[PDB]
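Written below as structure tokens is the structure these notes are about.
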Amino acid sequence: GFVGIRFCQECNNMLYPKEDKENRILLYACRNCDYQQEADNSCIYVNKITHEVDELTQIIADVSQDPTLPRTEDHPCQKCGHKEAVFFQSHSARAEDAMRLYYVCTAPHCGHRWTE
Amino acid sequence: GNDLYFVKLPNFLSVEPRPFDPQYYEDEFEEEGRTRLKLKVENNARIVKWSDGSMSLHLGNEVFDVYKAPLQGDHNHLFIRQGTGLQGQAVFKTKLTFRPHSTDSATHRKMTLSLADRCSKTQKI
Amino acid sequence: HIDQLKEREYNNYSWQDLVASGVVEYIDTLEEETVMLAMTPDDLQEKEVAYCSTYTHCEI
Ligand SMILES: [Zn+2]
Ligand SMILES: [Zn+2]
């Protein structure tokens with residue numbers, strides 16, 4: 001998971017995490033404001049050392065209209081069932097050790113992407 | 001009676017929309033002035049067709065040389081919209097799937113004046 | 001276009017008519033990044049097992 005930025009309600013500033021001494025709870029106070037709002041996550045800061053990223057979250061569907069990008073007819077979609085798909089490698093910095101391919105369905109109003 | 005008879009021309013070849021009539025024509029206009037007068041002493045028309053499939057448009061002994069190139073951004077219908085009927089009575093004709101590509105040209109001139117002047121004056125005494 | 005361009009000088013046609021007719025196009029190095037470019041008209045635009053089948057331009 002993560003933690004987000006939760007913004008103040010008075011000043012629209014960034015809320016810090018703060019432990020309530022003498023109810024024993026986790027709060028969110030402001031700097032600029034005197035705004036105390038009550039936490040729910042019980043989680044403050046997270047850090048993925050493995051930096052485990054799923055690439056299918058970064059892939060946009062717009063790739064399919066790329067003239068310069070190879071086209072197959074051997075992998076069909078799963079939502080719609082189209083036959084055409086484009087494919088490319090991670091195309092990312094920080095690629096750990098992978099030459100894994102990624103597919104996008106080449107049919108408008110679908111933009112389904114998958115990895116095999 | 002119906003065929004490709006639409007003809008675009010440049011600004012300097014703007015032909016009058018109406019026949020020449022002595023009751024519609026007047027003297028208003030004059031290297032500088034040379035290009036000025038040409039607008040109405042030339043610009044009724046005879047698009048001559050040639051054995052190679054080219055066309056030449058004549059408004060004098062001067063010639064505009066023309067090719068019947070295709071068009072795809074301007075796919076209209078051409079029509080004689082005369083004010084008579086309800087709000088311009090457009091009579092049907094040819095469709096704008098082609099229009100002329102053709103050559104009509106101009107020129108420039110030259111100048112010359114002076115560089116600097118004299119100097120080194122001296123007051124009396 | 002080859003017929004009009006072969007008969008140039010004997011008629012007023014020229015390179016700029018290929019530009020104006022939308023036949024040839026100036027492509028910048030920075031736009032050449034995005035073309036899917038053929039290297040001969042025929043040989044790259046025939047029918048085989050597919051290389052791209054999405055060519056956008058050809059070399060002159
Ligand atoms: Zn605040
Ligand atoms: Zn699909």
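Estimated from the Cβ-Cβ distance and a Förster radius of 45 angstrom, the FRET efficiency linking residue B:108 and residue C:39 is about 0.60.
Among the listed pairs A:79/C:47; B:8/B:38; C:6/C:47, those with a Cα-Cα distance over 21 Å are A:79/C:47; C:6/C:47. Counting other C-beta atoms within 10 Å, and keeping those with at most 15, which DSSP coil trypsin sites (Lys or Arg not before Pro) do you find in the range A:19-116? Here the trypsin sites (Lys or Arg not before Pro) that fit, given the DSSP loop and packing criteria, are A:21, A:24, A:31, A:48, A:79, A:83, A:94, A:100. Loop-located chymotrypsin sites (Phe, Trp or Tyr not before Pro) in the range A:5-109 (DSSP state not H, G, I, E or B) with no more than 12 neighbouring Cβ atoms inside 10 Å: A:45.
Taking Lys and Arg as +1 and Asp and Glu as -1, the other residues whose beta-carbon sits under 13 Å from that of residue B:74 total +3. Using θ = phi - 60° in the Karplus curve 6.51 cos²θ - 1.76 cosθ + 1.60, the 3J(HN,Hα) couplings for the range B:7-24 round to 9, 6, 10, x, 4, 6, 10, 5, 6, 5, x, 10, x, 5, 9, x, 8, 10 Hz; x is entered for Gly and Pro. Model label sites at residue C:46 and residue A:19, defined 7 Å from Cα along the beta-carbon direction, differ in position by 7.6 nm.
Note on residue B:82 and residue B:23: with the Förster distance fixed at 25 Å, the Cβ-Cβ geometry gives a FRET efficiency of about 0.80. So what is the 222 nm mean residue ellipticity for the protein assembly as shown from helices alone, if each DSSP H run of at least 4 adds -39500 (n - 2.57) and you divide by all residues, rounding to the nearest 500 deg cm²/dmol? Value at 222 nm, helices only: -1500 deg cm²/dmol.
For residue B:97 and residue A:91, the FRET efficiency from 1/(1 + (r/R0)^6), where r spans their Cβ atoms and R0 equals 51 Å, is about 0.75. Put a plus charge on the Cβ of each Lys and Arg, a minus charge on the Cβ of each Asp and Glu, and nothing anywhere else: the dipole of chain A about its Cα centre is then about 80 debye. Selection among A:99, A:63, A:111 by position relative to the dipole of the range A:48-116 gives A:111 as farthest towards the positive end (Cβ unit charges, Cα centre). With +1 on each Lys and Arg Cβ and -1 on each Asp and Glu Cβ, and nothing else charged, work out how big the dipole of the range A:74-113 is about its Cα centre, in Debye to the nearest 20. Its charge dipole is roughly 140 debye. The charge dipole of the range B:32-125, taken about its Cα centre with unit charges on the Cβ atoms of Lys, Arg (+1), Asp and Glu (-1) only, comes to about 480 debye.
Readers should treat all values here as calculations from the given coordinates under stated rules, not as data from a laboratory. Neighbour counts are summed over all protein chains in view; Cβ atoms, including those assigned to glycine, are modelled from backbone coordinates with ideal geometry.
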